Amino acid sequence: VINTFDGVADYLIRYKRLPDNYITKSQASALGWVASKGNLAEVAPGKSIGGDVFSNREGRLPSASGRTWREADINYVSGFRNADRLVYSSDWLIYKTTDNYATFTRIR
């Protein structure tokens, strides 16, 4: 499984999509994930949530004409989701957050 900031950031750059262990929130919910029960590893073993559109409503990441962002959970193993995420743009800027979106750090 590829679920680290660097492992994912490089797979993204090379492949232009997430590695195989990721599923959207709609996919996860289709398999039986309920956020409040923290059951993702049980209904989707070895899977992490990622690929959903990230709105950037607070404007914490740089906004550019035609640029959209996506997000992915990093370091997830099981139970409730952690606070680590990879946020990536259509133009391939890649930021990481370790505090559940409070702050970002460019990494690519």
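Counting begins at 1, following the sequence as shown.
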| task | Would you mind comparing 82-90 and 96-104 for me and telling me which has the higher average C-alpha temperature factor in the entry? | result | 96-104
| field | Higher-scoring stretch by recorded Cα B factor average, 61-69 or 45-53 | value | 61-69
| said: Which third, lowest, middle or highest, does the C-alpha temperature factor of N39 belong to within its own chain? | reply: highest
| task | Would you check the entry's CA temperature factor for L12 and let me know if it's in the chain's lowest, middle or highest third? | result | middle
